[PDB]
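Taking it in order: structure first as structure tokens, then the write-up.
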Amino acid sequence: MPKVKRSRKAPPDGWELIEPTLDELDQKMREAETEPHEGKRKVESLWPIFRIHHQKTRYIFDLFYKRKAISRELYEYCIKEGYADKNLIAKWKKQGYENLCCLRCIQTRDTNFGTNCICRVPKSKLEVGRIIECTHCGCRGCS
Amino acid sequence: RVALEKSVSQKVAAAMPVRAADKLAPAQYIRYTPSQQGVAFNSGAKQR
Amino acid sequence: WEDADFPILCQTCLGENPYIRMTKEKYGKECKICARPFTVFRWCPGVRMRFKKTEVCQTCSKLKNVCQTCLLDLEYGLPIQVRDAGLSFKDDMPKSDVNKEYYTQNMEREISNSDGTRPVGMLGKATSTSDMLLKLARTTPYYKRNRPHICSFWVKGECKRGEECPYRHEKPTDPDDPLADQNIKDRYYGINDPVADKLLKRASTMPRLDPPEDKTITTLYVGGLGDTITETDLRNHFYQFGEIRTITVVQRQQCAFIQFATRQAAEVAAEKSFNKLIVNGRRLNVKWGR
Amino acid sequence: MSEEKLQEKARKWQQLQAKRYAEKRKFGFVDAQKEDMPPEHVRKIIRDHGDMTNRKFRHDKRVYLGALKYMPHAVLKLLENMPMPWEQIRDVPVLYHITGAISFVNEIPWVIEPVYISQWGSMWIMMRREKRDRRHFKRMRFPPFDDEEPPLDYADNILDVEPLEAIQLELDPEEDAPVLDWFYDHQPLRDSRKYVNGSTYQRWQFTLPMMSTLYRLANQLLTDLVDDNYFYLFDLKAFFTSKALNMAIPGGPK
Amino acid sequence: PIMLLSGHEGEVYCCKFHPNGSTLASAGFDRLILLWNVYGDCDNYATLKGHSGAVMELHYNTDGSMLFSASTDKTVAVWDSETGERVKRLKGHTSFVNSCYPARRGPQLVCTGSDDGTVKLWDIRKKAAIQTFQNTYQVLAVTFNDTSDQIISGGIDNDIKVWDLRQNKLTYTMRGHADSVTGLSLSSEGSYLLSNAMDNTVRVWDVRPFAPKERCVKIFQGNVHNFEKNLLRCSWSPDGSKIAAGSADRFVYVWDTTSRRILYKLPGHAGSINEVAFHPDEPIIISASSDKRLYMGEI
Amino acid sequence: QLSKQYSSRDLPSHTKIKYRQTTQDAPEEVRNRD
Amino acid sequence: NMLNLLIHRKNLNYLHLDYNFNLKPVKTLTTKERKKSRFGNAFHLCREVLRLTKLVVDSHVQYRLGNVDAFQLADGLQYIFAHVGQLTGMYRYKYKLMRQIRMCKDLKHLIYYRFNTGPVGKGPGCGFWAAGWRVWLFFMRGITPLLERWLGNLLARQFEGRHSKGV
Amino acid sequence: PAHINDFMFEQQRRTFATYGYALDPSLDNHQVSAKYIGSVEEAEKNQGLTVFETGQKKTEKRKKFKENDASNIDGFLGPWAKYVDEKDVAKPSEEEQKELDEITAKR
Ligand SMILES: O=P(O)(O)O[C@H]1[C@@H](OP(=O)(O)O)[C@@H](OP(=O)(O)O)[C@@H](OP(=O)(O)O)[C@@H](OP(=O)(O)O)[C@H]1OP(=O)(O)O
Ligand SMILES: [Zn+2]
Ligand SMILES: [Zn+2]
Ligand SMILES: [Zn+2]
């Protein structure tokens with residue numbers, strides 16, 4: 001019933017303290033995944049998923065880099081099994097990109113004029129206080 | 001020969017119909033002089 | 001299919017910034033009149049204004065000489081019926097299905113042989129802009145056209161999208177008003193468009209000089225003259241317009257009284273000058289004297 | 001002229017010029033990539049659209065239909081990667097339409113040739129010793145599902161289940177030392193630059209013990225001929241001639 | 001004929017002749033340097049490569065034997081017109097080196113103007129710097145004086161500056177331009193120097209042993225700037241007879257030294273003209289414009 | 001108004017034009033001949 | 001979903017395609033509907049190809065649910081590929097298929113009569129499904145451009161309309 | 001058919017968008033000067049500051065929340081952090097509500 005594991009390799013042994021957090025997070029992902037398509041909207045019914053996804057990888061990003069509270073081996077096992085997100089992480093590690101909402105909000109080809117979401121514009125340079133809801137992620141100004 | 005064959009190419013590329021879709025050409029820039037020039041509209045400028 | 005280089009649009013509808021960014025889509029939609037597929041151009045009018053779209057073929061535009069989305073005339077800028085009436089035009093574009101598709105086909109074949117420079121047909125033979133047309137014309141850009149629609153949710157209370165409600169969260173207009181229901185097809189054909197009738201009544205109530213009863217009342221009173229005018233200047237106002245017989249420049253009342261030699265000449269002069277004979281900046285009031 | 005004027009002039013022009021000639025908008029710079037979405041994105045879209053009967057969608061109707069022209073590609077791409085009985089689960093890269101209209105498995109199954117033949121040879125031995133030593137073989141039923149039983153959901157039905165041991169043959173630790181660990185992997189040495197080109201998986205290079213065990217393992221699916229004069233009048237040219245003369249050798253085609 | 005040349009992928013910023021009048025060099029955003037033959041069909045033989053940034057200024061030597069080319073990527077480059085290959089990568093510039101000038105008829109020596117706040121003097125042989133006059137700010141154009149002993153530079157603060165190579169101080173500062181100067185070119189007189197500046201005015205100056213102390217000589221009207229603030233460059237004719245300028249107005253401006261009249265505002269271009277080149281032999285004009293191609297006008 | 005219909009017989013075929021070679025009868029020889 | 005959207009767009013409400021891709025009428029149809037509702041070889045070739053793939057993926061789903069076995073899955077797949085003639089009914093619509101069909105018989109006589117060379121018996125448990133799989137993959141390599149052409153024509157004709165002007 | 005440079009057009013457009021004034025684009029055959037078009041007095045008083053150019057602005061930025069510790073199960077607002085000075089419901093009120101009911105009946 002968990003993210004049943006493909007490796008068949010033994011998890012390295014920090015796995016036992018990050019186990020329950022990831023487990024309840026996957027509980028929350030399954031639940032917010034099934035949450036059925038109410039009179040909510042058709043653009044915004046996919047905002048939970050991106051939200052949760054960021055969370056999980058964010059969490060592991062902490063416990064390896066900002067706490068150094070897990071090993072390289074355990075962290076790599078946790079990427080390989082699809083808890084984390086290899087490139088969301090490898091993007092987070094850049095300099096202008098600490099809080100990037102979803103990896104698609106910087107895809108230049110997915111938008112006709114060749115730009116990023118207004119998600120990506122610094123809040124100051126707009127200064128108009130206008131609510132921003134990037135249609136992709138639902139984020140409100142990732143950076 | 002030139003005009004002939006280019007029109008050929010378009011008519012036969014219709015008969016490709018499985019269009020090996022090429023990229024969209026780079027964004028063009030066009031400079032436009034309205035007929036209705038004046039400072040009532042265009043924020044006083046003449047061209048856009 | 002049509003194929004264009006740019007839209008052909010009113011300056012009101014094109015926007016405010018000098019720098020606009022606009023997208024094209026080849027064979028994107030069907031002209032609501034020409035009924036055939038067109039290329040559709042979409043631009044963001046301004047900050048917090050709805051994206052507008054060209055809504056009529058380039059031929060369906062050049063034929064009646066209008067703005068492909070604003071639909072108002074190109075030079076003056078009134079509804080198509082008003083401009084037609086002011087040009088005294090009689091536009092014979094067919095209505096039924098087969099006749100209209102056939103007429104569109106041949107009109108397009110003949111407009112293919114053009115220069116792309118000016119409207120085809122009587123729209124060149126009717127460019128004599130009458131003072132009624134110039135008088136009804138819009139002056140500055142009525143840029144209230146480009147604000148978004150009315151939020152059914154925010155009209156019922158529901159626009160829970162915060163401030164992002166996709167429509168102006170104001171009061172819905174009472175549907176009884178004539179200025180509410182104007183179908184695109186009629187507004188292009190000019191048959192019973194309420195804005196046309198309201199603007200025509202406004203043009204009928206607008207001030208124009210009145211004619212007298214007697215043919216012998218050939219003295220015309222111009223009120224509000226001022227002492228910066230000359231008798232020779234009043235002449236030059238009413239000299240080549242026919243013949244003037246006499247001119248009394250009343251300086252004790254700042255007015256003038258022009259006796260003419262031709263009734264139609266003086267009538268044309270004074271009516272054409274009604275409150276709008278602006279010589280040296282004076283609002284003279286042209287009327288027939290006692 | 002005012003100095004602070006010139007100073008914020010240097011400020012403005014510095015920032016302006018700096019961004020305008022930034023390496024980002026250099027000439028031939030091409031934007032980096034499109035990296036992967038999460039899986040739940042696909043899963044949610046497709047379970048949402050369901051069977052396009054709810055009028056809430058009603059516009060993906062047209063694209064849904066128009067995508068039929070390409071479904072013989074999706075089928076071919078799907079069936080050419082099926083998971084090969086020594087595996088329980090295979091994960092594949094998937095390219096899909098953002099409305100769930102179509103789903104192309106986006107991959108080509110490269111294999112190492114001697115590895116592959118050895119794996120299928122082990123299958124030969126296992127299948128045979130199993131069919132000999134099973135009391136009664138039960139043949140599944142076709143079709144396995146009924147005409148109006150709607151298809152199952154992955155998420156509700158297979159997502160969390162445990163996947164039922166596959167047909168490994170159990171390799172002996174001494175003689176098959178050089179392969180016992182990586183034998184039954186999906187793409188065996190995918191990420192070890194000593195033996196494979198890289199992650200595009202061309203170009204193997206192997207050790208001679210590796211090759212010897214592989215050989216012995218695939219021994220069942222193999223010819224124990226050593227040379228070519230076995231096919232004396234039984235090669236391509238003999239057949240080309242016979243066909244040309246309309247005469248036919250004993251065991252050859254006509 | 002008009003002879004429009006094409007084959008450049010992005011703007012061409014710099015175009016100039018062989019000092020022979022034999023071959024053509026042009027360069028710009030595409031980070032490489034194209035060469036052509038001026039005569040015949042105006043055909044392209046060679047393409048020099050290597051510069052990672054935009055080629056902001058190419059400059060010949062006075063024989064035509066080695067090529068200097070200032071790049072955006074903090075570097076100048078000298079190459080062999082014999083081969084097209086790099087001999088030297090003048091590194092060490094701490095920012096955008098926009099302008100380059102090889103000493104003519106003196107020892108081989110180079111002055112480079114850059115966006116670092118310094119003008120730099122370099123010897124080609126030593127792989128080391130000679131002198132550097134950090135005034136305060138970006139220098140946008142630089143040219144020597146025919147003695148190879150003063151160095152003139154024009155930047156953002158509108159006061160054209162000249163350093164003495166031996167006392168190394170601000171020798172000559174001249175004033176009168178209302179906004180940033182964008183181009184200097186000293187005529188083959190060795191005396192008269194031409195200055196474009198986007199304030200819409202072009203000026204003429206003269207560096208001599210003795211000058212009237214306020215050497216603002218001739219003034220012409222016509223050049224334009226806009227939201228582009230592209231770098232605008234001027235030149236004298238081989239004779240000191242006609243001044244050629246470009247502008248963001250798509251009009252090649254050809255004026256005269258004598259009557260300062262507008263001999264030409266020629267249309268024909270599509271984007272801003274960044275550099276006009278005079279033939280050292282002929283009445284041949286080559287326009288490098290931001291419309292990604294060139295023109296070969298004959299007057 | 002261009003259709004996307006298509007035909008089995010409008011597939012590309014014989015896409016190179018043979019030209020009359022040096023010995024077959026090229027317009028040069030027949031230009032010469034008596 | 002695609003095939004049902006096709007059926008219901010043509011306004012043919014009296015037919016329905018069930019979940020194993022059988023097409024069945026839910027009334028008795030008059031002549032006008034027996035005619036209006038005839039379909040072509042494009043529709044049916046696509047139907048039958050999808051039926052083959054559903055047979056395959058559903059054998060795999062049975063494996064993954066726990067219902068069968070590794071050996072039963074392997075042999076059932078071998079079965080599927082050997083007997084496409086009696087399970088799909090594809091040959092009706094592109095009869096050239098029998099090339100493939102005869103091939104997958106020849107292979108099976110080889111493999112079987114080398115599989116059971118010893119004590120191994122004539123029973124079901126022989127799944128060595130590489131060969132037939134290969135065969136149907138090459139068939140698909142050939143058929144995809146054909147079917148993409150035929151389906152492009154069908155969809156065009158359904159959305160533009162048939163051209164009776166300059167035939 | 002112009003050909004212009006790319007950073008600069010977007011710079012001028014964003015300027016005119018968020019500041020309300022812009023370096024007018026008319027490339028006239030009569031040599032005009034650099035004139036700030038639109039909100040001219042705004043360009044004068046704001047020193048021509050562009051939305052892209054950094055500049056001193058003491059403008060009160062709207063108050064927002066910040067819950068960026070991703071271990072709280074319902075905690076992480078992260079990049080999706082709402083604005084703190086935002087409303088919690090959006091609706092029209094008693095007078096406009098009855099008026100809209102009256103209008104929907106009139107229609
Ligand atoms: O039904 P088919 O396509 O004709 O294949 C079967 C079958 O093969 P499956 O095992 O895949 O069903 C049999 O196999 P066994 O009975 O051997 O297990 C058998 O082949 P045998 O002849 O070897 O029995 C039989 O053939 P027949 O009806 O002649 O017995 C026949 O294969 P054929 O193509 O040989 O008919
Ligand atoms: Zn976004
Ligand atoms: Zn996002
Ligand atoms: Zn974001």
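Residue names in the structure tokens use chain letters A, B, ... in the order shown, residue numbers from 1 in each chain, and ligand numbers from 1 in the order shown.
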Original post:
Residues at most 10 Å from region 2-17 of chain F, counting only C-alpha atoms, excluding those fewer than 4 positions away in the same chain, as an MDAnalysis selection string?
Top reply: (chainID B and resid 11:12 14:18) or (chainID C and resid 1) or (chainID G and resid 146 149:150 152:157 160:163)
For those residues, write N, CA, C and O atoms to a file as an mmCIF file, in the first residue's frame.
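Listing of out14.cif after writing:
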```cif
data_model
loop_
_atom_site.group_PDB
_atom_site.id
_atom_site.type_symbol
_atom_site.label_atom_id
_atom_site.label_comp_id
_atom_site.auth_asym_id
_atom_site.auth_seq_id
_atom_site.Cartn_x
_atom_site.Cartn_y
_atom_site.Cartn_z
ATOM 1 N N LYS B 11 1.220 23.655 -53.306
ATOM 2 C CA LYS B 11 0.115 22.770 -53.663
ATOM 3 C C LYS B 11 0.424 21.316 -53.343
ATOM 4 O O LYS B 11 -0.485 20.540 -53.028
ATOM 5 N N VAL B 12 1.690 20.921 -53.424
ATOM 6 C CA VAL B 12 2.035 19.539 -53.135
ATOM 7 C C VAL B 12 2.185 19.338 -51.634
ATOM 8 O O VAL B 12 1.845 18.278 -51.103
ATOM 9 N N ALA B 14 0.343 20.691 -49.615
ATOM 10 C CA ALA B 14 -1.027 20.325 -49.287
ATOM 11 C C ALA B 14 -1.249 18.823 -49.446
ATOM 12 O O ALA B 14 -2.015 18.231 -48.682
ATOM 13 N N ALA B 15 -0.599 18.190 -50.423
ATOM 14 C CA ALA B 15 -0.782 16.769 -50.683
ATOM 15 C C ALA B 15 0.150 15.905 -49.854
ATOM 16 O O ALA B 15 0.118 14.676 -49.966
ATOM 17 N N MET B 16 0.962 16.512 -49.034
ATOM 18 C CA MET B 16 1.678 15.872 -47.949
ATOM 19 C C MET B 16 0.753 15.427 -46.822
ATOM 20 O O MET B 16 1.182 14.627 -45.984
ATOM 21 N N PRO B 17 -0.537 15.845 -46.781
ATOM 22 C CA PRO B 17 -1.077 16.540 -45.603
ATOM 23 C C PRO B 17 -0.406 16.264 -44.270
ATOM 24 O O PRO B 17 -0.542 17.097 -43.367
ATOM 25 N N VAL B 18 0.303 15.155 -44.100
ATOM 26 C CA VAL B 18 0.983 14.948 -42.829
ATOM 27 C C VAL B 18 2.127 15.944 -42.809
ATOM 28 O O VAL B 18 3.255 15.632 -43.210
ATOM 29 N N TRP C 1 -10.537 31.526 -47.906
ATOM 30 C CA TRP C 1 -9.812 32.028 -46.743
ATOM 31 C C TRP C 1 -9.171 33.387 -47.006
ATOM 32 O O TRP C 1 -8.621 33.627 -48.081
ATOM 33 N N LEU G 146 -0.526 3.376 -43.282
ATOM 34 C CA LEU G 146 -1.787 3.123 -43.953
ATOM 35 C C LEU G 146 -2.957 3.617 -43.131
ATOM 36 O O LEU G 146 -3.783 4.394 -43.613
ATOM 37 N N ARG G 149 -3.284 7.309 -42.765
ATOM 38 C CA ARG G 149 -3.890 7.909 -43.946
ATOM 39 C C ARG G 149 -5.394 7.698 -43.979
ATOM 40 O O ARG G 149 -6.154 8.640 -44.219
ATOM 41 N N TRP G 150 -5.845 6.463 -43.767
ATOM 42 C CA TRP G 150 -7.273 6.179 -43.852
ATOM 43 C C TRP G 150 -8.049 6.928 -42.793
ATOM 44 O O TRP G 150 -9.142 7.431 -43.051
ATOM 45 N N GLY G 152 -7.060 9.757 -41.276
ATOM 46 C CA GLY G 152 -7.059 11.160 -41.622
ATOM 47 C C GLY G 152 -8.136 11.501 -42.624
ATOM 48 O O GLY G 152 -8.814 12.519 -42.497
ATOM 49 N N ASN G 153 -8.326 10.642 -43.625
ATOM 50 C CA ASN G 153 -9.375 10.874 -44.611
ATOM 51 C C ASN G 153 -10.754 10.794 -43.988
ATOM 52 O O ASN G 153 -11.609 11.632 -44.266
ATOM 53 N N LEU G 154 -10.994 9.787 -43.154
ATOM 54 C CA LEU G 154 -12.293 9.672 -42.505
ATOM 55 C C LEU G 154 -12.600 10.896 -41.661
ATOM 56 O O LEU G 154 -13.703 11.438 -41.723
ATOM 57 N N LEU G 155 -11.636 11.352 -40.864
ATOM 58 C CA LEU G 155 -11.880 12.485 -39.980
ATOM 59 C C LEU G 155 -12.078 13.766 -40.761
ATOM 60 O O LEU G 155 -12.960 14.567 -40.441
ATOM 61 N N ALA G 156 -11.243 14.007 -41.762
ATOM 62 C CA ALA G 156 -11.473 15.138 -42.641
ATOM 63 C C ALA G 156 -12.881 15.116 -43.205
ATOM 64 O O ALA G 156 -13.634 16.071 -43.043
ATOM 65 N N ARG G 157 -13.266 14.017 -43.846
ATOM 66 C CA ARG G 157 -14.594 13.937 -44.438
ATOM 67 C C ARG G 157 -15.684 14.133 -43.414
ATOM 68 O O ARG G 157 -16.740 14.664 -43.743
ATOM 69 N N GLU G 160 -14.991 18.350 -42.394
ATOM 70 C CA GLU G 160 -15.219 19.274 -43.503
ATOM 71 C C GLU G 160 -16.486 18.920 -44.270
ATOM 72 O O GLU G 160 -17.412 19.721 -44.370
ATOM 73 N N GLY G 161 -16.539 17.738 -44.826
ATOM 74 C CA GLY G 161 -17.684 17.293 -45.589
ATOM 75 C C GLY G 161 -17.147 16.730 -46.876
ATOM 76 O O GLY G 161 -16.037 17.029 -47.300
ATOM 77 N N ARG G 162 -17.943 15.902 -47.522
ATOM 78 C CA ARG G 162 -17.438 15.239 -48.701
ATOM 79 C C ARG G 162 -17.617 16.151 -49.890
ATOM 80 O O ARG G 162 -18.572 16.920 -49.962
ATOM 81 N N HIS G 163 -16.641 16.115 -50.787
ATOM 82 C CA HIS G 163 -16.555 17.063 -51.891
ATOM 83 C C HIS G 163 -17.179 16.440 -53.126
ATOM 84 O O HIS G 163 -16.584 15.609 -53.812
#
```
Original post:
When the cut-off is 6 Å and you count only C-alpha atoms and all ligand atoms, which residues lie near ligand 3, shown as a PyMOL selection string?
Top reply: chain A and resi 101-102+105+136-137+139
Export, as a short mmCIF file (atom, residue, chain, number, x, y, z; two decimals), in the first residue's frame, the selected residues with N, CA, C and O atoms.
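Output file selection-v1.cif is given in full below:
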```cif
data_model
loop_
_atom_site.label_atom_id
_atom_site.label_comp_id
_atom_site.auth_asym_id
_atom_site.auth_seq_id
_atom_site.Cartn_x
_atom_site.Cartn_y
_atom_site.Cartn_z
N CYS A 101 7.70 27.39 -7.86
CA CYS A 101 6.46 26.72 -7.52
C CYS A 101 6.40 25.33 -8.14
O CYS A 101 6.43 24.32 -7.43
N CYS A 102 6.31 25.27 -9.45
CA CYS A 102 6.24 24.03 -10.20
C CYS A 102 7.25 24.14 -11.31
O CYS A 102 7.57 25.25 -11.74
N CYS A 105 6.37 26.37 -14.61
CA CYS A 105 6.25 27.81 -14.59
C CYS A 105 7.48 28.51 -15.13
O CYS A 105 7.50 29.74 -15.16
N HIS A 136 -1.09 27.55 -14.20
CA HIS A 136 -0.44 26.26 -14.04
C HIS A 136 -0.52 25.78 -12.61
O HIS A 136 -1.28 24.86 -12.28
N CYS A 137 0.23 26.41 -11.72
CA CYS A 137 0.44 25.88 -10.39
C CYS A 137 -0.59 26.35 -9.38
O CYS A 137 -0.80 25.67 -8.37
N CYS A 139 0.13 28.98 -7.84
CA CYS A 139 1.02 29.73 -6.98
C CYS A 139 0.70 31.21 -7.02
O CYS A 139 0.23 31.74 -8.02
#
```
**OP:** List every residue of chain B that DSSP, applied to the backbone of this structure, places in alpha helix (DSSP H), and write the result as a ChimeraX atom specification.
**Re:** /B:2-15
Subject >> Surroundings of ligand 4 up to 9 Å, based on only C-alpha atoms and all ligand atoms, as a ChimeraX atom specification >> reply: /A:99-103,105,117-120,133-134,136-143 /H:79-80
Original post:
Got a sec: who's within 10 Å of residue 17 (chain G), counting only C-alpha atoms, leaving out chain neighbours fewer than 6 positions off, as a count of residues only?
Top reply: 10
Original post:
Can you list, as a ChimeraX atom specification, every protein, DNA or RNA residue that comes within 10 Å of region 10-22 of chain H when you count only C-alpha atoms, leaving out same-chain residues fewer than 3 positions away?
Top reply: /A:125-128 /B:43 /C:16-21,46-47 /D:16,20 /E:227-228 /H:5-7,25,34-44,46,48-53
Write a file of the selected residues as a CSV table (one decimal), in the first residue's frame, keeping N, CA and C atoms.
```
chain,number,residue,atom,x,y,z
A,125,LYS,N,8.5,44.7,-8.5
A,125,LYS,CA,8.4,45.3,-9.9
A,125,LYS,C,7.0,45.4,-10.4
A,126,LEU,N,6.1,44.7,-9.8
A,126,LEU,CA,4.7,44.9,-10.2
A,126,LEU,C,4.1,46.0,-9.3
A,127,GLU,N,4.2,45.9,-8.0
A,127,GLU,CA,3.8,46.9,-7.1
A,127,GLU,C,2.3,47.3,-7.1
A,128,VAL,N,1.6,46.6,-7.9
A,128,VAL,CA,0.2,46.9,-8.1
A,128,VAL,C,-0.7,46.1,-7.1
B,43,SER,N,-2.0,58.5,-27.0
B,43,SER,CA,-1.2,59.2,-25.9
B,43,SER,C,-0.3,60.3,-26.5
C,16,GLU,N,-3.9,51.9,-25.8
C,16,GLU,CA,-3.3,53.2,-25.4
C,16,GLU,C,-1.8,53.2,-25.5
C,17,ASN,N,-1.1,52.1,-25.1
C,17,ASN,CA,0.4,52.1,-25.2
C,17,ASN,C,0.8,52.2,-26.6
C,18,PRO,N,1.9,52.9,-26.9
C,18,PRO,CA,2.4,52.9,-28.3
C,18,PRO,C,2.9,51.6,-28.7
C,19,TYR,N,3.3,50.7,-27.7
C,19,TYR,CA,3.9,49.5,-28.0
C,19,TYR,C,3.0,48.3,-27.6
C,20,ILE,N,2.4,47.7,-28.6
C,20,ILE,CA,1.5,46.6,-28.5
C,20,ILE,C,2.1,45.3,-29.0
C,21,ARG,N,1.7,44.1,-28.4
C,21,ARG,CA,2.2,42.8,-28.8
C,21,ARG,C,0.9,42.0,-29.1
C,46,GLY,N,-5.2,47.0,-23.0
C,46,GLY,CA,-4.4,47.7,-22.0
C,46,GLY,C,-4.2,46.9,-20.7
C,47,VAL,N,-3.6,47.5,-19.7
C,47,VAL,CA,-3.6,47.0,-18.4
C,47,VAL,C,-5.0,46.7,-17.9
D,16,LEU,N,20.5,48.7,-17.2
D,16,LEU,CA,19.9,48.5,-18.5
D,16,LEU,C,20.8,47.7,-19.4
D,20,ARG,N,20.4,43.9,-20.8
D,20,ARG,CA,20.2,43.8,-22.2
D,20,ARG,C,21.2,42.9,-22.9
E,227,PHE,N,14.2,54.8,-27.9
E,227,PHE,CA,14.3,53.8,-26.8
E,227,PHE,C,15.4,52.7,-27.0
E,228,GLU,N,16.0,52.8,-28.2
E,228,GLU,CA,17.0,51.8,-28.5
E,228,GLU,C,18.4,52.1,-27.9
H,5,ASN,N,15.3,45.8,-31.7
H,5,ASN,CA,16.0,44.9,-30.7
H,5,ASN,C,15.0,44.6,-29.6
H,6,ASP,N,15.3,43.5,-28.9
H,6,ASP,CA,14.3,42.7,-28.2
H,6,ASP,C,14.2,43.1,-26.7
H,7,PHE,N,15.3,43.2,-26.0
H,7,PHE,CA,15.2,43.7,-24.6
H,7,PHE,C,14.5,45.0,-24.6
H,25,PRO,N,7.6,56.2,-29.4
H,25,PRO,CA,8.3,55.4,-30.4
H,25,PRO,C,8.3,56.1,-31.7
H,34,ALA,N,13.5,63.1,-27.4
H,34,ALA,CA,13.0,62.1,-26.5
H,34,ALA,C,12.0,62.7,-25.6
H,35,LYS,N,10.7,62.3,-25.8
H,35,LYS,CA,9.6,62.9,-25.1
H,35,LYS,C,8.9,61.7,-24.4
H,36,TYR,N,8.6,61.9,-23.1
H,36,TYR,CA,7.9,60.9,-22.3
H,36,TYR,C,6.4,61.0,-22.6
H,37,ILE,N,5.8,60.0,-23.2
H,37,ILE,CA,4.5,60.1,-23.6
H,37,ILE,C,3.6,59.3,-22.7
H,38,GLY,N,2.4,59.7,-22.5
H,38,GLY,CA,1.5,59.1,-21.6
H,38,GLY,C,1.3,60.0,-20.4
H,39,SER,N,1.7,59.5,-19.2
H,39,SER,CA,1.7,60.3,-18.0
H,39,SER,C,3.0,61.0,-17.9
H,40,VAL,N,3.1,62.1,-18.6
H,40,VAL,CA,4.3,62.9,-18.8
H,40,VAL,C,4.8,63.4,-17.4
H,41,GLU,N,3.9,64.0,-16.7
H,41,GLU,CA,4.2,64.5,-15.3
H,41,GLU,C,4.7,63.4,-14.4
H,42,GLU,N,4.1,62.2,-14.6
H,42,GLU,CA,4.6,61.1,-13.8
H,42,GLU,C,6.0,60.7,-14.1
H,43,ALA,N,6.3,60.7,-15.4
H,43,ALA,CA,7.7,60.5,-15.9
H,43,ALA,C,8.7,61.5,-15.3
H,44,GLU,N,8.2,62.8,-15.3
H,44,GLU,CA,9.0,63.8,-14.8
H,44,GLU,C,9.3,63.6,-13.3
H,46,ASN,N,8.9,61.0,-11.3
H,46,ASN,CA,9.5,59.7,-11.0
H,46,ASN,C,10.9,59.5,-11.6
H,48,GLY,N,11.8,59.0,-14.6
H,48,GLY,CA,11.9,58.1,-15.7
H,48,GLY,C,12.1,56.7,-15.3
H,49,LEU,N,12.0,56.3,-14.0
H,49,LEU,CA,12.3,55.0,-13.5
H,49,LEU,C,11.5,53.9,-14.3
H,50,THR,N,12.2,52.9,-14.7
H,50,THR,CA,11.6,51.8,-15.4
H,50,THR,C,11.2,50.7,-14.4
H,51,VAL,N,10.2,49.9,-14.8
H,51,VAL,CA,9.8,48.7,-13.9
H,51,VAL,C,11.0,47.7,-13.8
H,52,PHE,N,11.9,47.7,-14.8
H,52,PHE,CA,13.0,46.8,-14.8
H,52,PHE,C,14.2,47.4,-14.1
H,53,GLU,N,14.4,48.7,-14.2
H,53,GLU,CA,15.5,49.3,-13.5
H,53,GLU,C,15.2,49.4,-12.0
```
**OP:** Around ligand 1, at most 10 Å away and counting only C-alpha atoms and all ligand atoms, which residues are there? Put them as a PyMOL selection string, please.
**Re:** (chain D and resi 139) or (chain G and resi 75-86+101-102+104-113+115-116+121-127)
**OP:** Identify, on the basis of only C-alpha atoms, every residue whose closest approach to residue 295 (chain E) does not exceed 7 Å; exclude the query and any residue fewer than 2 positions from it along the same chain; express the result as a list in words.
**Re:**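 That gives residues 2, 3, 4, 5, 286, 287, 288 and 297 of chain E.
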Take the residues from that selection and put them in a file with C-alpha atoms, as a PDB file, in the first residue's frame.
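Output saved as out_36.pdb:
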```
ATOM      1  CA  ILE E   2      22.161  49.222 -54.556  1.00  0.00           C
ATOM      2  CA  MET E   3      23.958  45.908 -53.818  1.00  0.00           C
ATOM      3  CA  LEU E   4      22.388  44.739 -50.583  1.00  0.00           C
ATOM      4  CA  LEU E   5      24.373  42.039 -48.792  1.00  0.00           C
ATOM      5  CA  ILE E 286      28.575  50.395 -47.139  1.00  0.00           C
ATOM      6  CA  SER E 287      25.807  50.562 -44.550  1.00  0.00           C
ATOM      7  CA  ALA E 288      25.651  48.144 -41.614  1.00  0.00           C
ATOM      8  CA  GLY E 297      25.571  52.334 -52.305  1.00  0.00           C
TER       9      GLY E 297
END
```
